[PDB]
Structures are given as structure tokens and as C-alpha cells.
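Numbering (my numbering), first residue to last: 10 to 171. The C-beta atom is built at its ideal place from N, Cα and C for all residues, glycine as well. Below is one structure, written out as C-alpha cells, with a few remarks after it.
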Ligand SMILES: [Cl-]
Ligand SMILES: [Cl-]
Ligand SMILES: [Cl-]
């Protein structure tokens, strides 16, 4: 199991525009297009990203290209982040995937605000970290996903995805 497989399970693959779980226009494997309510903006956002006139529909290969860039963007953001780096450096390989998962989903800034959870993870207080993470809007909005990520952090294994 790896990060890509891990995220493909959590996000799915959709080749046509879509509203995410919060109104948002998205496509591919969790590629946020826009927070604006304009299909039009999303539609335009899609074209600028693919580089072509997509008319709100993309191909697998295209969705995969976008996914490759997003994961890279996620890892590099963590590594540039004064808040996230130390946490990341301190973790084993599995749990690191979990951190990447979260950043992909909510942005650097979003994850950076899980102060307490972050401190706990750095201290290797797994169980405590899992409880803090659970008390979030994230958990209540996308509970099943959230739980897969939290178990991953708690256990250090890929069980939740097996
Ligand atoms: Cl927290
Ligand atoms: Cl809460
Ligand atoms: Cl979910």
C-alpha cells in the first residue's frame, strides 16, 4: 500500500466536474477546482489546468497527471512548513502517509492548525493524538475517511485500508 493507492481510495476517480463534499467544484482524484459557485469559473479553471478546452470533462491520464502534481505539492508544502516539517521528520513511514493524506485534503494551513494533535504526534502519544483529531469539524464532515486517517496515525499500520 502506498500514498497514491491510499488517496485513490479516499477520494475516488471522477472524470467530469463535480461538487465535492462542500459545494466545491472538483474533478479527478480530489483536485479542487474552485470555491466559487460558478460552474463557469470551475469550467474555466479546468481549462487552464489541463491546458485545453476540456468542456468540464477530463481523461484518466489527465486526472493522473493532476494527482501526481497534487501529491508532490503536498509533500513539498509539508517540507517547507515550519510547523509541519518537524512533525513529519519525527514520524515512521506509515504515519507520514497519514500526514500527507490530511495536507492533500485540507491544505497546509488547515493541518497546521491541529496544534495540539501535532504536538501529541511529535511526542508519540498516539492514543491521545487520535482523540484530539476526532474533535474537529473534519471528523464530523467526513467521518469515515477521517477515521481511516486517524486509525492510521494511531496504529502505524495500513489496516484501515486493507
Ligand atoms: Cl488539535
Ligand atoms: Cl467537535
Ligand atoms: Cl467520508
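Is it buried or exposed, residue 114, if we count other Cβ atoms within 10 angstroms and call 16 or more buried?
Sixteen is the threshold: when 16 or more other Cβ atoms of the shown chains lie within 10 Å of the Cβ of residue 114, as they do, the residue is buried.
Is residue 151 near ligand 3 - that is, is its Cβ less than 8 Å away from at least one heavy atom of it?
Yes, the beta carbon of residue 151 sits closer than 8 Å to at least one heavy atom of ligand 3.
Validate contact between the stretch 146-160 and the stretch 125-134 using beta carbons, cut 8 Å, 3 pairs
Two segments are said to touch when three or more pairs of C-beta atoms, one from each, lie closer than 8 Å; by this definition the stretch 146-160 does not touch the stretch 125-134.
Out of 53, 67 and 109, which one is the CA nearest neighbour of residue 79?
The residue with the shortest Cα to Cα distance from residue 79 is 109.
Per-residue DSSP class, three states only, for residue 12
Residue 12 falls in the helix class under three-state DSSP.
Which ranges does the alpha helix (DSSP H) cover as unbroken runs of at least 4 residues, wholly within the stretch 47-120, from first to last along the chain?
Runs of alpha helix (DSSP H) with 4 or more residues, each lying fully within the stretch 47-120, are found at 48-59, 69-89 and 93-99, listed in chain order.
Taking 8 Å as the cut-off, is the beta-carbon of residue 121 closer than that to any non-hydrogen atom of ligand 3?
Not under cutoff, so the answer is no.
With a threshold of 8 Å, establish whether the CB of residue 154 neighbours any heavy atom of ligand 3.
Taking the Cβ of residue 154 as the reference point, at least one heavy atom of ligand 3 falls within a distance shorter than 8 Å.
Using DSSP with H/G/I as helix, E/B as strand and the rest coil, what is residue 33?
Coil.
Per-residue burial, residue 32 [other beta carbons within 10 Å of its own, 16 or more giving buried]:
So residue 32 counts as exposed.
Between residue 118 and ligand 1, is there a pair consisting of the residue's CB and a ligand heavy atom that are separated by less than 8 Å?
With a threshold of 8 Å, the Cβ atom of residue 118 does not count as near ligand 1, since no heavy atom of the ligand is closer than that.
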